Amino acid sequence: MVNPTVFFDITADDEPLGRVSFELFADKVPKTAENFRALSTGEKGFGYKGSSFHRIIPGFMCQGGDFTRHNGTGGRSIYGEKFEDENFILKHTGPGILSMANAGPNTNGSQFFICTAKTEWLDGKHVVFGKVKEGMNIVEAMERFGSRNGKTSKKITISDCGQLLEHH
């Protein structure tokens, strides 16, 4: 199967920045890809729509996915519990990598980050499961609203999200 594609429409203080899309590596990490895909469509009645990037570190990453507590303490998977690290096949090779945030081994929920640089020191600690396809310049624009402690100077929000059913 061709890997699935998700999109996020991003706003900064409610003004549209545009659309970011991701390839999800379901051919390598199917359980991790499916959790992020389902949270992006809203088909379970909860998920990423309306949530924000609560920690943005210029030069390194944009972290989001905490749709329950909005601060790095919340979020939940589609599996009813935190789930295992599926594998570490893929590495943090450069800008655009999409990887799971976690609280240590086998604690995946819904939080994730988008790298804005190669972050090889995260290899083997976070499951890499996708990569930006379109919209890397929007992630670079997002990164500019961050700060050394991750606090954002504008609210960076997933105003809409879903799956792209065709890939062209």
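Looking at the entry header, you'll see X-ray crystallography listed as the method and 1.299 Å as the resolution.

Visitor: Tell me what's going on with the overall build of the protein, and back it up with residues and numbers.
Guide: Counting its secondary structure elements, the protein contains two helices and eight strands. Ordered by position from N to C terminus, the α and β elements of the protein give β-β-α-β-β-β-β-β-α-β. The C-alpha atoms of the protein give 14 Å as radius of gyration, which agrees with the globular expectation for 168 residues (15 Å, within 12%). For the protein, the C-alpha atoms occupy an extent of roughly 35 × 35 × 30 Å along the three principal directions. The 168 residues of the protein split such that 51% are buried. Considering only residue pairs separated by 6 or more positions, the protein has 67% of its internal contacts joining residues 24 or more positions apart. For the protein, the accessible surface area stands at approximately 8100 Å², while carbon and sulfur atoms represent 51% of it. Of the charged side chains in the protein, 20 are positive and 20 negative; the average position of the first set lies 5 Å away from that of the second.

Visitor: Outline the packing of aromatic side chains, listing residues and values.
Guide: Throughout the structure, instances matching the rule amount to 15 aromatic pairs. Judged by centre distance (5.8 Å) and plane angle (85°), the ring pair of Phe22 and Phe36 falls under edge-to-face. Here the residue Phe22 occupies a position in strand 2 (residues 15-24), and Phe36 occupies one in helix 1 (residues 30-41), the gap between them amounting to 14 residues. When the ring of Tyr48 is compared with that of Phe67, the centres are 6.2 Å apart and the planes differ by 75°; the resulting orientation is edge-to-face.

Visitor: Could you give me a rundown of the nonpolar core, with the residues and numbers involved?
Guide: With 34 residues, the main nonpolar core has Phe8, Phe22, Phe36 and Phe53 as its most contacted residues. For this core, the secondary-structure elements that each account for two or more residues are strand 1 (5-12), strand 2, helix 1, strand 5 (97-100), strand 6 (112-115), strand 7 (128-132), helix 2 (136-143) and strand 8 (156-164). Those residues in contact with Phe8 that sit more than four places away from it in its chain are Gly18, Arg19, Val20, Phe22, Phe36, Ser40, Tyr48, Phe53, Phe112, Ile158, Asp160 and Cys161. Within the second largest apolar cluster, seven residues are counted, among which are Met61, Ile97, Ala101 and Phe113.

Visitor: Let's hear about the pattern of salt bridges: which residues, and what values?
Guide: Counted by the stated rule, this structure contains eight salt bridges. For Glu84, the salt bridge goes to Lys31, with nearest N and O atoms at 2.9 Å. Pair noted here: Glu84 is in the loop between strand 4 (61-64) and strand 5 and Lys31 is in helix 1, with a separation of 53 residues, a long-range link. Judged by its relative accessible area of 35%, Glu84 falls in the partly exposed class. Overall, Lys31 belongs to the partly exposed group, its relative accessible area being 26%. Between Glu34 and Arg37 there is a salt bridge, and its shortest N-O distance comes to 2.8 Å. With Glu34 and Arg37 both in helix 1 and three residues apart, the pair spans about one turn of that helix. Since its relative accessible area comes to 31%, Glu34 is described here as partly exposed. Linked through salt bridges whose partners overlap, the residues forming this network are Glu34, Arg37, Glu43 and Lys44.

Visitor: Help me get a handle on helix 2, residues and values and all.
Guide: Here helix 2 lies mainly inside the structure; six of its eight residues are buried. Burial in helix 2 covers these residues: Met136, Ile138, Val139, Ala141, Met142 and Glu143.

Visitor: Describe in detail the sheet that holds strand 6, supporting the description with residues and values.
Guide: Spatial strand order, 3-4-6-5-7-2-1-8: eight strands in an open sheet with antiparallel pairing. Looking at strand neighbours, the two that pair on one side only are strand 3 (55-57) and strand 8, the edges of this open sheet. Ignoring strand direction, the axes of neighbouring strands in this sheet form an average angle of 25°. Pairing between strand 4 and strand 6: four bridges, direction antiparallel.

Criteria and cut-off values
Residues numbered from 1 in each chain as written, not as in the entry; some residues may be left out. Heavy atoms only, no water. Helix = DSSP H or I, 4+ residues; strand = E, 2+ residues; numbered from the N terminus. Rg over C-alpha atoms; globule rule 2.2 N^0.38 Å. Buried < 20%, exposed > 50% of the residue type's maximum accessible area, 1.4 Å probe, protein only. Contact = heavy atoms within 4.5 Å. Areas by Shrake-Rupley, 256 points an atom, 1.4 Å probe, with all protein chains shown as cover. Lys, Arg positive; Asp, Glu negative; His and termini not counted. Charge placed at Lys NZ, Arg CZ, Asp CG, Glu CD. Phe/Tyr/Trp six-rings, centres within 6.5 Å; stacked < 30°, edge-to-face > 60°. Core = buried A, V, L, I, M, F, W, Y, C linked by side-chain atoms within 4.5 Å. Salt bridge = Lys/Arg side-chain N within 4 Å of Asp/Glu carboxyl O. Pairing = 2+ DSSP bridges. Axes fitted to C-alpha atoms, helices over the stretch in contact; angles between N-to-C directions.

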